[PDB]
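**Student:** Protein chains in written order, with our numbering: chain A, 1 to 182; chain G, 1 to 185; chain B, 1 to 182; chain C, 1 to 182; chain F, 1 to 186; chain E, 1 to 185; chain X, 1 to 182; chain U, 1 to 182; chain L, 1 to 182.
Note that the Cβ used here is the ideal one computed from N, Cα and C, for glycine as well.
Can you keep this structure in mind? I'll have questions shortly.
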Amino acid sequence: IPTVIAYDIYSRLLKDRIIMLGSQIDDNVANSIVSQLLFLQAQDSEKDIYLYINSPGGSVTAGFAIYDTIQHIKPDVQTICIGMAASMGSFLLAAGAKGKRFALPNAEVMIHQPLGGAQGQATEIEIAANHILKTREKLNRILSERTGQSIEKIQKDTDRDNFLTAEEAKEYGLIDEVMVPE
Amino acid sequence: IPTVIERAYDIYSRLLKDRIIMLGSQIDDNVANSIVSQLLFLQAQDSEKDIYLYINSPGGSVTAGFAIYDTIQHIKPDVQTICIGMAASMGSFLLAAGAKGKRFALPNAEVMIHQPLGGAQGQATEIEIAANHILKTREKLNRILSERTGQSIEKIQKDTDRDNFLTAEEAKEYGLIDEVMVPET
Amino acid sequence: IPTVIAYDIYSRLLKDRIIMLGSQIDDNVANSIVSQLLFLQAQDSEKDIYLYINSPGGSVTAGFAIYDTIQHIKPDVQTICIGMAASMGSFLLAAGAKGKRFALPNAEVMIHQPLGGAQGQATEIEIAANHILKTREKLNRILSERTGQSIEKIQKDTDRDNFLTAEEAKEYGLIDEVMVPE
Amino acid sequence: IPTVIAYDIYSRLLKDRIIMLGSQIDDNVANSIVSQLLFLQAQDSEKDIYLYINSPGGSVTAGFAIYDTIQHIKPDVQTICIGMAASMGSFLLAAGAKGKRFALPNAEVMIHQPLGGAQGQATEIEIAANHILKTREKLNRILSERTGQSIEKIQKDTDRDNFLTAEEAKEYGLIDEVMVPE
Amino acid sequence: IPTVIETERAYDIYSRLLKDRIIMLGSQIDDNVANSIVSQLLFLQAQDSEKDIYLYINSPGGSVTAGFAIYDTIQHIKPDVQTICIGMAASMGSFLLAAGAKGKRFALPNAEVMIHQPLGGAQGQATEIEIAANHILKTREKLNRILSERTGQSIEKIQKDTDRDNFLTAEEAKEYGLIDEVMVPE
Amino acid sequence: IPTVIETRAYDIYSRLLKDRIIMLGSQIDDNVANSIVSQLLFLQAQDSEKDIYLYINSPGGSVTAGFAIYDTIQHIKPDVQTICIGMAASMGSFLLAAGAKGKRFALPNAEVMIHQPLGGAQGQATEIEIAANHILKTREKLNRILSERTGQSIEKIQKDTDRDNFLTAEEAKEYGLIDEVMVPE
Amino acid sequence: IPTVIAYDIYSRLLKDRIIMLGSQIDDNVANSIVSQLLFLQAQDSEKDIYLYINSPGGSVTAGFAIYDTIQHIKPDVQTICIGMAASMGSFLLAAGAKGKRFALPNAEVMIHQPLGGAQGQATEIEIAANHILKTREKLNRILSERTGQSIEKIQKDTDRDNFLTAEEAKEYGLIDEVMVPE
Amino acid sequence: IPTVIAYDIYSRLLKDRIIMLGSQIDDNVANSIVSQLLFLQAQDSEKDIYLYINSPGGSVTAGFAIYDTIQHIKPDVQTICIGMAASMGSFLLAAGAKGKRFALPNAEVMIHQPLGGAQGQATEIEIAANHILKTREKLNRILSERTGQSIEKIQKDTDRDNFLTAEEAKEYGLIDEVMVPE
Amino acid sequence: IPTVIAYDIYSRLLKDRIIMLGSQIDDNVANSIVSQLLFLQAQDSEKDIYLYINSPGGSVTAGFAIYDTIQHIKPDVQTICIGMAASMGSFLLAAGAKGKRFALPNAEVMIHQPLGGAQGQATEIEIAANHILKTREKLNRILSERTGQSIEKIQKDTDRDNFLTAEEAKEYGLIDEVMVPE
Ligand SMILES: C[C@H]1C(=O)N(Cc2cccc3ccccc23)C[C@@H]2N(C(=O)NCc3ccc(F)cc3)CCC(=O)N21
Ligand SMILES: C[C@H]1C(=O)N(Cc2cccc3ccccc23)C[C@@H]2N(C(=O)NCc3ccc(F)cc3)CCC(=O)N21
Ligand SMILES: C[C@H]1C(=O)N(Cc2cccc3ccccc23)C[C@@H]2N(C(=O)NCc3ccc(F)cc3)CCC(=O)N21
Ligand SMILES: C[C@H]1C(=O)N(Cc2cccc3ccccc23)C[C@@H]2N(C(=O)NCc3ccc(F)cc3)CCC(=O)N21
Ligand SMILES: C[C@H]1C(=O)N(Cc2cccc3ccccc23)C[C@@H]2N(C(=O)NCc3ccc(F)cc3)CCC(=O)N21
Ligand SMILES: C[C@H]1C(=O)N(Cc2cccc3ccccc23)C[C@@H]2N(C(=O)NCc3ccc(F)cc3)CCC(=O)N21
Ligand SMILES: C[C@H]1C(=O)N(Cc2cccc3ccccc23)C[C@@H]2N(C(=O)NCc3ccc(F)cc3)CCC(=O)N21
Ligand SMILES: C[C@H]1C(=O)N(Cc2cccc3ccccc23)C[C@@H]2N(C(=O)NCc3ccc(F)cc3)CCC(=O)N21
Ligand SMILES: C[C@H]1C(=O)N(Cc2cccc3ccccc23)C[C@@H]2N(C(=O)NCc3ccc(F)cc3)CCC(=O)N21
Ligand SMILES: C[C@H]1C(=O)N(Cc2cccc3ccccc23)C[C@@H]2N(C(=O)NCc3ccc(F)cc3)CCC(=O)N21
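In structure tokens form, the structure reads like this:
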């Protein structure tokens with residue numbers, strides 16, 4: 001990772017209120033992004049923040065740590081998909097400030113239902129199944145609110161992996177604009 | 001495994017000549033296929049004479065256990081069940097499935113009952129299908145166990161929530177067996 | 001495996017025209033079952049054969065080796081599900097002689113779409129995908145013929161794992177009768 | 001982990017009296033949090049401290065190192081659940097200053113009985129069982145004091161994994177308020 | 001394993017011993033070993049319900065439930081089952097040595113007998129560990145009660161003497177009541 | 001591990017060491033002992049009169065590494081307070097008991113565990129005898145010191161450490177392993 | 001292993017009352033040798049048995065199973081070392097009938113103390129040590145009786161690995177004669 | 001391994017007094033060869049035995065079990081090297097009856113010093129070193145007697161791997177004749 | 001490893017002429033200790049150096065690098081055993097300046113013969129054995145000189161692991177004094 005003069009390149013972007021979500025979402029990545037959001041709010045509660053998303057998704061609870069911190073803070077958080085946003089990464093792309101959710105033209109967006117597992121006694125499997133179904137209902141309700149699509153349509157469209165172009169993601173309501181090059 | 005000469009037989013084949021079938025391992029499809037074949041063979045040799053099913057098993061596959069269960073109910077001879085050592089999980093289900101009045105345990109045998117085990121990985125809807133299947137399987141097992149023990153389905157559900165170890169005398173009181181086979185002085 | 005006097009127990013059942021399909025279906029299992037079917041036809045071309053099925057399925061081509069040998073020979077092949085018939089095992093259960101397909105009352109039948117995999121260049125993945133889709137069409141067409149259900153219904157009902165009781169399998173047309181105990 | 005100007009982002013939050021419990025609880029995590037608590041008390045014995053919790057739980061003794069240090073020091077320790085608090089993480093959430101325990105709206109709280117293991121001679125297994133049962137009695141007694149729920153209710157409600165929404169965690173007495181976004 | 005031919009029938013050496021009513025318990029006790037020994041005991045009872053059976057024990061023990069399959073079959077059948085320890089009888093092997101017909105439990109002079117409490121494990125939730133602990137404690141109570149009956153020692157003494165590995169010579173096993181006689185060479 | 005900067009940058013543990021707090025927060029091996037011994041000797045050189053605070057959250061470990069720490073504590077002039085937070089087990093509980101008389105503490109929910117030493121021996125009969133004699137002499141040395149520091153008899157310590165023995169903070173005070181439970185205001 | 005006509009070659013030697021101890025001594029080898037000794041006594045109570053020893057030793061309890069069976073039975077058991085007899089193998093060589101213990105001229109005999117191990121609590125290590133020391137005292141006392149050497153000399157001479165030629169083994173009293181070729 | 005009518009091919013050769021040493025020499029191979037030698041002596045004490053050698057050698061004590069049994073029995077044992085005789089295999093080739101040691105023309109003979117290992121305390125390494133040096137002295141003394149070469153020459157010529165043609169092995173005195181084809 | 005103000009704790013002790021030998025002795029540890037000794041001689045050729053020993057020993061040549069550097073330099077090197085000094089660690093403890101070799105009261109000292117290994121040809125094993133025996137003679141001669149015990153006594157007392165208390169090590173001549181606490 002190069003240095004500019006001294007900042008590593010990512011720390012230099014954070015100085016200009018750009019946060020990089022560029023990996024699988026796990027608790028470490030979420031804790032870092034949450035801390036960056038809270039720090040940027042403290043530096044300036046009015047100026048936009050820019051969340052770059054190039055992520056295959058990951059942990060749903062880690063993604064909700066980021067989601068709730070975005071909604072909590074005062075500054076608008078713009079989202080921009082570059083490369084790919086899949087699964088919980090596409091959920092966070094849709095969670096950006098209204099009118100300020102973007103993708104570049106060749107970015108890939110993918111939506112699908114949550115994944116998990118359960119081993120053990122029948123009653124333990126039932127608890128695990130009830131939990132993942134309730135988690136899917138929670139994700140679909142918020143995605144319905146942020147896209148304008150019905151919960152029934154989101155349920156059908158996420159039954160299996162669903163790949164969208166940037167223009168399809170705009171038509172769906174996951175983003176507001178394709179950022180076309182000059 | 002030793003051989004006896006009467007015809008030369010391995011010791012298990014010699015017991016099968018006297019209508020004794022050994023369920024002495026974890027229940028998998030291979031064990032079930034062997035026991036099903038033995039039951040059908042013994043019915044063909046003599047449709048009236050009892051068969052003796054020895055059980056020393058920690059259980060195993062529910063579907064493999066139902067292959068044995070359904071074959072026992074299908075054939076004409078009574079199938080006596082005897083628990084020696086241990087009958088756990090699907091092994092205790094099969095012990096309870098013997099001919100009425102002919103389900104036994106020796107005095108220091110261990111019987112254990114509990115809910116079925118399994119697992120699922122994948123999409124939420126795949127986990128839901130797997131959960132619904134294992135819950136329906138537990139309902140099926142509990143209904144039959146209620147019929148064969150005389151206990152209510154509600155009681156069987158409570159009593160199998162966790163591992164429940166029974167002595168031979170406790171298994172008789174519960175209705176999983178009819179008698180403890182006490183040794184002659 | 002016990003001996004009866006001298007036959008191993010499975011060879012004794014074959015003397016009474018009973019074939020055991022009691023394992024995952026691979027080429028070795030199929031080759032054995034095909035050989036047994038051809039031998040039994042040669043011993044007596046008129047007397048029924050009994051195919052016991054307790055199988056989680058397996059290879060589709062190995063299953064079609066058994067299916068085509070059943071249809072080729074002159075004797076009726078009865079099928080009986082004891083324990084479980086899943087995937088290609090349920091296909092073979094449905095392939096028995098009309099009126100002579102059975103299950104015992106607590107036997108489990110499961111139907112679902114074929115599984116596979118492909119790695120490599122885009123064009124290699126396309127060839128593999130086209131092959132498994134054509135295989136699914138072939139399975140569904142034959143299952144429609146043997147059950148009386150439409151291809152559209154079979155496609156919907158096999159999208160995910162679908163567990164049937166013996167009575168449900170009779171209602172579906174996968175078997176003719178539940179063999180209830182005296 | 002980015003730098004702000006020089007602090008790593010987590011060290012910058014600690015300058016504003018924010019401690020991150022963002023991983024599984026082991027002795028290393030506990031020792032670090034204990035040290036941070038004692039340092040912040042020394043800097044200012046009156047000003048609140050903020051404990052962020054995004055944790056699946058972990059070691060009960062490591063969790064009690066954190067619990068007893070929170071109760072020992074003079075400043076109030078606010079707790080906030082973001083993402084998830086499970087097992088000993090939910091215990092620590094409930095341990096925050098009365099009136100200053102929070103969750104964000106989509107945070108997950110899970111409560112369950114302690115896990116462990118025992119191998120060896122019958123008398124060794126008896127010692128291990130008695131120890132884990134006494135540990136569960138200690139956890140339930142403290143959680144009863146902090147939630148207002150009876151020990152009998154906590155015992156029943158933690159027999160298996162019990163997932164709570166933020167609002168359910170407030171109703172239970174694990175938190176005081178859901179921190180709703182403006 | 002060698003073959004012997006008697007005039008003509010060919011036997012592996014262990015099958016030839018079984019023809020003379022000798023059963024070999026010569027390995028760790030698991031369900032497969034127990035199923036074989038149980039089958040041999042039932043077969044020998046059917047061949048002759050009156051003639052003694054000889055159970056050779058050279059075993060480090062093993063599964064308690066597999067051992068109780070053997071124990072209960074010994075008590076069930078009509079013939080006396082002599083037990084003889086050669087080499088070693090440890091843990092559930094020493095329990096089976098003590099279970100032979102009264103007056104017909106033997107050891108050769110340099111055989112090792114070891115007694116100790118049962119071993120096991122549990123992993124999982126507190127309530128699962130409690131169920132596992134209660135089960136192994138009840139199993140130890142059952143073992144100790146039977147060993148008290150077969151040796152003449154009190155349950156309190158058996159509990160103390162099996163807290164840790166306790167190695168006995170053949171003569172010490174006789175003094176304890178685990179065997180009746182040391183078979184001293186002529 | 002976070003850094004604190006005072007108008008000097010310290011990792012948080014180095015900042016605690018500036019206030020004479022040493023962290024024994026892991027399994028005791030030679031590396032941990034060498035670090036703690038160096039810290040004790042440095043703190044004595046900085047101030048020979050001011051108390052040192054040894055935080056203990058440890059499952060124990062090496063007996064010889066623990067005796068490196070024990071002997072350094074007794075050697076130096078300053079009193080070393082000991083405080084158990086979380087857990088002190090095995091050699092960690094021995095070191096808790098080794099703090100300055102009247103200055104051994106535990107927080108209320110801390111766990112203390114005492115047990116006999118663990119080890120191994122492999123080889124010829126005479127090599128096993130040497131190893132056994134050594135671990136028995138090591139146990140007697142530990143028990144003699146624990147008797148001195150708790151006021152309990154060697155025979156009581158031997159009985160109470162035969163198997164794992166878990167104590168609450170209040171039980172550890174009653175036993176003489178600590179002087180006070182540090183109750184919160 | 002070749003067949004002679006039908007016996008495998010070892011079974012043909014057993015017909016002539018020759019038992020082969022030709023491997024490491026474990027419980028399986030001891031059970032086999034014990035069974036062979038008891039069978040040979042039953043076939044002929046008067047005729048000598050020949051125990052061939054080419055063994056590096058092994059389990060002390062398995063070796064004592066063989067030793068006690070040799071002393072129990074009525075026939076004399078000659079011992080002959082060919083190749084090597086080490087550790088418990090040399091103990092069994094010395095245990096043959098008085099006057100009928102042999103080695104061929106280039107055979108190797110090795111004597112040494114018993115090996116073992118213990119891991120666990122100090123009291124467990126003490127029990128293990130006391131047991132191996134008592135086992136060594138028993139072995140050395142029997143070797144003193146069968147060689148004519150003092151217990152003190154046997155203890156000194158077995159402290160470390162001690163290799164003997166056939167002639168040295170005769171001089172020591174471990175064998176009676178070197179079987180020199182015609 | 002084919003059957004002739006019924007014998008496996010090696011058992012058929014043993015019926016004509018031919019023993020195959022065709023593998024690495026370990027105790028199992030030695031025990032088998034010793035048993036075959038003793039059986040053939042019992043069938044006919046006067047008729048020659050033929051020992052085929054195609055072996056890379058192996059255990060020195062296992063080789064001495066074979067060597068001493070050859071010298072013990074009354075029949076002459078011819079040796080024939082076909083393929084290769086190395087290390088203890090070349091020692092056994094040289095041990096055949098005087099005038100009846102052969103090789104086929106393209107057979108390879110290799111001689112070299114014994115191999116072993118020693119691990120542990122200085123005094124244990126010393127015992128192991130003294131043992132392997134004494135073993136080498138024993139091998140060299142016998143090879144000197146059987147070849148007519150000096151012990152000093154054999155020591156020098158076996159310091160490293162020394163490969164001989166059949167004709168060179170005859171010149172050395174390891175064999176008596178090269179068996180040239182008709 | 002903590003910092004004091006800036007030095008890591010071990011570098012701060014080196015500033016006060018204290019060298020820590022606190023691990024197994026390998027070439028890396030020896031090279032570091034040798035460098036520290038040469039640096040301290042340069043900093044002050046007259047002032048004592050303090051070598052702390054808590055070591056299970058290790059490489060004999062690495063230990064002799066340390067030993068010879070101690071004897072080469074002008075300053076007295078005090079040695080102090082804390083925790084344990086075993087094998088080459090106890091050799092180095094005995095190598096400190098006469099009158100300035102110490103142990104704390106509960107420190108363990110263990111002496112024993114050198115360990116090693118050799119695998120290969122007889123002549124390679126002989127070279128390895130002669131080397132380890134010469135190494136033991138060199139160690140014993142120096143230990144006799146430094147303790148005042150005879151070489152014969154040192155040989156007997158190091159045949160097996162020999163554990164000494166601090167007081168016993170003083171009686172033996174391995175240290176001069178037990179450093180008793182005030
Ligand atoms: C265009 C707009 C926006 O959409 N982004 C999102 C974004 C994030 C990461 C990578 C991107 C790549 C391509 C396109 C947009 C990317 C950030 C950008 N910002 C800047 O470029 N700021 C100067 C700046 C950048 C880096 C730096 F180190 C210093 C200054 C902040 C001000 C602003 O309006 N924007
Ligand atoms: C709102 C309140 C609170 O609940 N927290 C907890 C908290 C912790 C971690 C992440 C969170 C994310 C979302 C919401 C609360 C979060 C900390 C916060 N603090 C600040 O935001 N302080 C400015 C600040 C932050 C970071 C920084 F680097 C400099 C200043 C301290 C003063 C205070 O009242 N609060
Ligand atoms: C009842 C009917 C049938 O449905 N089967 C299928 C079947 C196969 C495998 C296991 C089964 C278990 C339970 C129920 C049916 C089973 C075989 C059977 N046959 C026999 O039982 N024949 C005597 C026989 C069996 C075995 C044997 F070794 C000798 C004879 C052939 C004649 C016939 O009509 N039937
Ligand atoms: C029909 C024709 C043929 O195409 N085959 C090939 C074949 C091979 C293997 C499996 C097959 C399965 C299905 C269809 C053909 C199969 C062999 C068959 N033969 C027999 O069926 N011969 C009786 C026979 C079979 C087996 C047996 F054990 C005894 C007799 C030899 C005589 C002959 O013309 N044929
Ligand atoms: C109360 C007393 C004591 O018992 N300890 C032990 C201790 C050690 C580790 C964690 C603990 C957690 C909870 C309770 C006691 C803990 C240290 C403490 N000290 C301080 O708190 N000193 C200010 C201080 C701390 C850290 C820091 F970075 C700066 C100053 C030194 C002065 C003193 O009397 N004490
Ligand atoms: C007593 C009754 C019974 O409950 N069993 C069940 C049983 C099965 C396996 C092991 C057992 C061990 C202990 C006790 C019962 C055991 C079988 C037995 N049978 C026999 O013993 N038959 C003679 C026989 C057995 C074996 C053999 F090889 C030859 C004949 C069939 C006739 C009969 O009524 N019984
Ligand atoms: C007492 C004497 C001695 O025997 N040692 C050896 C020693 C080494 C390592 C750990 C030990 C633990 C306990 C006992 C002795 C220990 C070093 C000590 N020195 C000091 O303590 N010097 C102040 C000092 C220490 C550390 C530091 F960072 C700064 C100054 C140098 C001056 C001196 O005479 N001594
Ligand atoms: C002496 C007595 C007894 O205690 N045993 C137990 C025993 C079992 C296994 C190995 C043993 C080794 C040493 C000593 C006893 C051993 C069996 C023996 N039996 C025989 O020896 N029977 C002839 C016989 C044996 C083997 C054979 F193949 C044919 C016949 C049955 C008749 C009898 O009273 N006894
Ligand atoms: C010479 C004497 C003896 O010391 N042995 C021991 C022995 C055992 C194994 C390998 C040996 C190799 C070399 C030298 C002795 C060997 C057995 C031999 N016996 C025979 O040779 N018996 C004929 C025989 C052997 C094998 C066979 F298959 C048929 C007959 C039994 C009768 C007898 O006195 N002896
Ligand atoms: C004695 C002579 C020499 O043979 N060496 C080689 C040497 C190298 C490494 C380790 C050694 C250990 C023991 C003995 C020699 C060692 C270097 C030494 N030098 C110094 O000691 N220079 C002061 C110096 C050393 C280290 C330091 F950090 C500062 C100054 C340079 C000047 C010189 O003549 N010599």
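Bridge partners of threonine 147 (chain X), per DSSP?
**Tutor:** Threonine 147 (chain X) pairs with nothing; no bridge assigned.
**Student:** Give the residues of chain X in contact with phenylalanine 167 (chain F), contact being defined as C-beta atoms less than 7 Å apart.
**Tutor:** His131
**Student:** From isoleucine 25 (chain L) to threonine 61 (chain U), what distance separates their C-alpha atoms?
**Tutor:** 40 Å
**Student:** Applying a beta-carbon distance threshold of less than 7 Å, which residues of chain A neighbour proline 181 (chain C)?
**Tutor:** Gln71 and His72
**Student:** Can you pull the chain G neighbours of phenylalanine 43 (chain F), defined as C-beta to C-beta under 8 Å?
**Tutor:** The contact set of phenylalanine 43 (chain F) on chain G, defined by CB atoms closer than 8 Å, consists of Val4, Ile11, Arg14 and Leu15 in chain order.
**Student:** Taking Cβ positions only, does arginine 160 (chain C) come closer than 8 Å to chain A?
**Tutor:** So, interface residue.
**Student:** What are the complete beta strand (DSSP E) segments, minimum 3 residues, inside the stretch 109-168 of chain F?
**Tutor:** 112-115 and 119-125
**Student:** Mapping DSSP to helix, strand and coil, what is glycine 83 (chain B)?
**Tutor:** strand
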